[PDB]
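Cβ placement follows ideal geometry from the backbone for every residue including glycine, while neighbour counts extend to all protein chains displayed. Here, each number is a calculation from the coordinates, and none is a lab measurement.
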2 protein chains.
Amino acid sequence: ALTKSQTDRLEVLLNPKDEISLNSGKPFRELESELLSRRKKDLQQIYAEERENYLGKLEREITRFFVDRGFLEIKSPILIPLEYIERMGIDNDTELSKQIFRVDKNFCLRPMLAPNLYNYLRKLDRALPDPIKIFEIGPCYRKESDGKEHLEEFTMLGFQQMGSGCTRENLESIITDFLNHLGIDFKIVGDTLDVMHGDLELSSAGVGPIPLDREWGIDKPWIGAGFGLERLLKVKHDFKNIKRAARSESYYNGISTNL
Amino acid sequence: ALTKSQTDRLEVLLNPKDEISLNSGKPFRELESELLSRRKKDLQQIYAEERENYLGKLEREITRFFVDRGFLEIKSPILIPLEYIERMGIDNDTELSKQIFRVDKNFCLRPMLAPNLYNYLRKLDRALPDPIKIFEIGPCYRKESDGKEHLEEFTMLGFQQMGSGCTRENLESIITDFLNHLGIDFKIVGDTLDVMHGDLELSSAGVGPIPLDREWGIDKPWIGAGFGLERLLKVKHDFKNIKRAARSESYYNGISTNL
Ligand SMILES: Nc1ncnc2c1ncn2[C@@H]1O[C@H](COP(=O)(O)OP(=O)(O)NP(=O)(O)O)[C@@H](O)[C@H]1O
Ligand SMILES: Nc1ncnc2c1ncn2[C@@H]1O[C@H](COP(=O)(O)OP(=O)(O)NP(=O)(O)O)[C@@H](O)[C@H]1O
Ligand SMILES: N[C@@H](Cc1cccc2ccccc12)C(=O)O
Ligand SMILES: N[C@@H](Cc1cccc2ccccc12)C(=O)O
Ligand SMILES: [Mg+2]
Ligand SMILES: [Mg+2]
Ligand SMILES: [Mg+2]
Ligand SMILES: [Mg+2]
């Protein structure tokens with residue numbers, strides 16, 4: 001019989017597509033030698049044929065999608081003024097207030113894209129025609145309890161349209177086309193709405209105006225949504241734990257690097 | 001005559017390609033109205049035609065280049081254990097020790113890619129054939145004095161080859177092909193070498209083995225280099241200050257967003 005520790009080790013080495021039964025009575029040392037061999041070949045094939053990282057590749061695919069549909073690609077600071085958090089209505093009452101990674105006296109690691117997108121919408125509205133369509137992909141940081149669905153360092157897609165066409169129907173049509181294009185199953189439940197894969201939250205979307213808009217100098221209708229890229233990789237690759245999709249030293253494209 | 005403040009305002013609005021003389025005796029309010037109009041049209045053209053961000057686009061171009069030449073694309077944590085810094089030989093004697101953004105008791109924002117690349121080289125050497133070729137693009141953080149060439153939040157390309165072919169000639173050939181492919185003028189001065197554009201440092205490269213390798217479990221020859229992506233955009237777009245190339249709310253593709 002295998003120990004819990006030995007099975008822990010075997011499951012790090014196991015890929016969702018693997019047809020191997022741990023429970024069959026073969027010895028740990030041999031099961032481990034089989035899986036070690038498969039995982040080295042998986043890396044060898046990636047290195048020989050494609051060489052692209054899942055997270056980077058997904059970011060590039062999402063980028064082409066939104067560029068093609070008319071959204072301006074934004075890259076804004078990751079390290080943001082701590083006052084952007086209070087101005088988002090997060091002031092020691094919300095769960096998120098205690099999730100902030102603080103950096104100096106006045107800065108933090110952004111936990112969300114909304115502040116920077118707000119600022120870009122206000123600024124670009126003096127220069128661009130209606131409607132204004134922007135999106136950003138990049139790192140976000142939140143302290144979390146260990147979870148199968150949570151990382152402290154993750155990657156968020158955020159997009160926002162401001163002006164005409166900001167209806168809930170249009171927002172659902174963007175979400176629907178976007179996830180059908182990546183091959184990710186979902187249902188939309190709900191102005192605020194959530195995009196869910198079973199009990200896993202893929203995204204939270206919203207329809208404005210809302211009263212928070214005036215703190216940021218926004219007085220137009222808008223629609224938007226945020227998606228976590230690692231949750232999407234988790235679903236499309238059927239990973240059991242989101243840390244196989246994360247920026248990490250322990251996993252490459254969901255294959256363990258401790259061989 | 002224009003005030004220093006009025007010329008400051010005019011130069012934020014001025015693009016390197018602009019053929020405008022501030023010194024000609026026309027009034028601030030009119031010079032500003034001309035430049036405001038040009039800068040809005042620049043944004044309108046980007047929004048109508050391409051919609052890609054300079055930093056993101058450069059990252060994708062560098063990615064294709066290195067993937068095509070056989071380097072595995074890495075995305076590793078940005079928030080790293082503070083002990084990686086001491087293990088890099090930075091222990092309160094180097095300039096870099098005081099440039100570290102510390103996050104908790106035990107973590108920091110990475111100022112460099114070398115620790116994570118080291119760890120990937122050691123790990124992948126059990127699985128991949130010789131030579132091992134990897135690269136990473138992503139955020140790095142250093143506290144800096146205000147400068148025309150320094151950002152506190154920048155983007156670094158790092159690449160490393162381990163094993164056979166790790167000669168200084170091969171390393172120069174990668175650097176040379178890489179910068180000729182992006183259209184960036186340089187000279188290599190020097191095993192440690194620097195890639196310079198005038199007095200601006202584009203990159204620092206190195207040839208191993210070096211004694212530091214054994215702390216990281218490396219005992220093979222290697223070659224590598226690090227490049228700052230914003231320094232490259234600065235040179236190729238002839239920006240005067242690197243903050244036009246940075247992830248920012250003040251500039252989009254080097255065009256001011258305060259119109
Ligand atoms: N810690 C995290 N790790 C990975 N993805 C995350 C994390 N937090 C949020 N996301 C993703 O970012 C999206 C938008 O953020 P948001 O709706 O504010 O998250 P959330 O409400 O905290 N979801 P959750 O914390 O799981 O109940 C979410 O729908 C997730 O897909
Ligand atoms: N603060 C910064 N802002 C932008 N790019 C940077 C910064 N620091 C380093 N880089 C880039 O990263 C490359 C590799 O890092 P490194 O050689 O350690 O920098 P460095 O020695 O501090 N250069 P410098 O500080 O300007 O004298 C450099 O050659 C630069 O192109
Ligand atoms: N709330 C997340 C996701 C997000 C990004 C941008 C716009 C959003 C609009 C509605 C709901 C979520 C949105 C964030 O602030 O990053
Ligand atoms: N020293 C920088 C640039 C760099 C990255 C990777 C490998 C390197 C090798 C030699 C010199 C610099 C290298 C860093 O640690 O990120
Ligand atoms: Mg949460
Ligand atoms: Mg939510
Ligand atoms: Mg320096
Ligand atoms: Mg240097």
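The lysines whose alpha-carbon is closer than 21 Å to the alpha-carbon of B:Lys98, local same-chain residues fewer than 8 away aside, are A:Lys105, B:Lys143, B:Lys148. In whole angstrom, note down how far apart the Cα centers of segment A:56-115 and segment B:143-181 are. Result: 28 Å between the Cα centres. The Rg/Rh ratio of segment A:1-94, with Rg taken over Cα atoms and Rh as the Kirkwood radius over Cα pairs, comes to 1.23. For segment B:202-259, the Kirkwood hydrodynamic radius comes to 14.0 Å, computed from all pairs of different C-alpha atoms. Label-to-label distances for B:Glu11 across copies, nearest first, come out at 6.1 nm, using points 7 Å from Cα in the beta-carbon direction. Summed over qualifying helices (DSSP H, 4 residues or more, each -39500 (n - 2.57)) and divided by its residue number, chain B shows a 222 nm mean residue ellipticity of -10500 deg cm²/dmol. Other protein chain C-beta atoms within 10 Å of residue C-beta, averaged over A:120-129: 5. Across segment B:110-201, counting alpha-carbon atoms alone, Rg and Dmax equal 15.1, 45 Å.
For the residues of A:101-111, the average number of beta carbons from a partner chain within 10 Å of their own beta carbon is 2. With the convex hull of its Cα atoms as the shape, segment A:40-98 has an orientation-averaged projected area of 7.6 nm². Distances, shortest first, from the label point of A:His150 to those at the same position in the other copies read 3.8 nm; the point lies 7 Å along Cα to C-beta.
Legend: residue pairs A:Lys187/A:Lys243; A:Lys220/B:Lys240; A:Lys133/A:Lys234; A:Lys240/B:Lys123; B:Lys41/B:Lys234, Cα-Cα distance threshold 26 Å; pairs beyond threshold, A:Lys220/B:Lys240; A:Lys133/A:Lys234. With θ taken as phi - 60° and the Karplus curve 6.51 cos²θ - 1.76 cosθ + 1.60 applied, the whole-hertz 3J(HN,Hα) list for segment B:41-53 is 6, 4, 5, 4, 5, 3, 5, 7, 10, 10, 6, 9, 7 Hz, x standing for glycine and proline. The mean count of C-beta atoms from other chains within 10 Å of the C-beta of residues in A:71-81, rounded to a whole number, is 6.
Average 1/r across all pairs of distinct alpha carbons in the protein assembly as shown, invert it, and you get the Kirkwood radius: 24.9 Å. Take the Cα radius of gyration of chain B and divide it by 2.2 N^0.38 Å, N being the number of residues; the result is 1.16. For the pair A:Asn92 and A:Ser37, the difference between a 0.36 nm per residue extended length and the Cα-Cα distance amounts to 14.7 nm. Once the chain from A:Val12 to A:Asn106 is taken as fully extended at 0.36 nm per residue, the excess over their C-alpha distance is 29.8 nm.
With 10 Å bins beginning at zero, the pair-distance distribution over Cα atoms of segment A:87-150 amounts to 17, 41, 29, 13, 1 %.
Computed with the Debye formula from one identical point scatterer per Cα of segment B:1-51, without solvent, the log10 of I(q)/I(0) at q = 0.23, 0.31, 0.32 Å⁻¹ comes to -0.84, -1.27, -1.32.
Directionally averaged projected area (segment B:27-174, Cα convex hull): 13.9 nm². In this simple spin-label approximation, A:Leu2 and A:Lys143 carry label points 7 Å from Cα along the Cα→Cβ vector, and these lie 3.6 nm apart.
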